[PDB]
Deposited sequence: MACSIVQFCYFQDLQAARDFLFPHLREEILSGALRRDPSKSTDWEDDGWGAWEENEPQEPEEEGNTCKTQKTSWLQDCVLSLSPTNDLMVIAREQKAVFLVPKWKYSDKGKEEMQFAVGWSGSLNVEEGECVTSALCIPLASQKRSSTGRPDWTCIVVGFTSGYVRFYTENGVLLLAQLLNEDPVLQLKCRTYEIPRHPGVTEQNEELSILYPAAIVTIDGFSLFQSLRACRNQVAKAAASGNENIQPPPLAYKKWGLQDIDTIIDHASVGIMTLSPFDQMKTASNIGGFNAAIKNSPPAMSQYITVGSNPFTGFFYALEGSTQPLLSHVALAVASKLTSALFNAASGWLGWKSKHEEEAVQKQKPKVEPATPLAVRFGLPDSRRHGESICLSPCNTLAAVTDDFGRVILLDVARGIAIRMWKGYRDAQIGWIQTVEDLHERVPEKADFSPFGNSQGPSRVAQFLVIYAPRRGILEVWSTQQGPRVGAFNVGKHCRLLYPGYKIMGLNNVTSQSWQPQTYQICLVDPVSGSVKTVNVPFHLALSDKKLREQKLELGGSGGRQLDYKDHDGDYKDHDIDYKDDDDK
């Protein structure tokens, strides 16, 4: 049977609320009621996948929370976050944050213990700045890609294949812009972050002089034939069978269309928004070399939408990919959620009654092909205050729990960065899939679903 277990308790969060909401911080029996929590749904939150740090930023002020194991009355060293750092991150005037990210970094020392080197904090601002801090708060790197506000940040890490057929995708970090796509190679980040941290640490003691800031990889795609874009997902690199190649060529052309004898690899992105509702972008990989203070860097390649689902009145607002990268879940403003097969560009199942819902995914492996893995979709309706566990595609509602109306469902979608094949199977520490943070209990819980229920 499905069950949700508590795993962390906040030591004090009212302090973070008071720091980020100064105005929030005895009566003759006046009726004081209608007390609810909306500041968590207003803030930018991020919790590291390995449970090492917490970022909570409101407008231009970001509190960093650090764990601390305390022996209770019974001797248990229960996990309790405690504010580690709290300050303003605005360097310019009118600059406000638009997103946050906590990426653990794998150790190159072959450390068998579960100690990643550090959890870098990647923040994006309205002015067009991407800034990288350490856990303490020290500023490491600041980069301006485009003058337009930073919309979303999505990091792609390493995942071991489920079966021989499963392929591997490059480590990547992508930045969504109103009408542009910016991608940064994860290897460049791994080779710049460490360096910057080493220089700062050496500067702290050895007194290392300031170092000319090295530029990063930077490929700006110019999006097109789109009116409004809200979210995006990086499906990534894919290959086409000769059957598929001929099918798509036939449809795109006609009778007189020709067929090339060398199918090109095309990176796929998906963008929700308005006009159209959903658009599928394909970009030629290897056609344009990646480029290496100025927002006017020349775009790498213009990108036009090949096709999509034309729905003007419809306005998409989110999109999340399944762990297997075969399914996507998109929420619209009509209070409905659709599930798409990315390899075909069609919808499979469309649930109803979910305004401002939040999506998550849980993958369960049959403990013993290698194992009958099974995916489960999570739907959180905040107004009704309910948490639902659906099947990967079709099947009954596996679970339904009543939680607070003011919780938050966090689904990172990545793992420890910088790992490779041999390191992964040799040893790996604990990493979660989704978490539920609650203000009333000031706690962080996890959801566990057995695999057997899938058999039904």
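The deposited sequence has C-alpha coordinates everywhere except the stretches 1, 27 to 60, 328 to 363, 440 to 456, 545 to 585.
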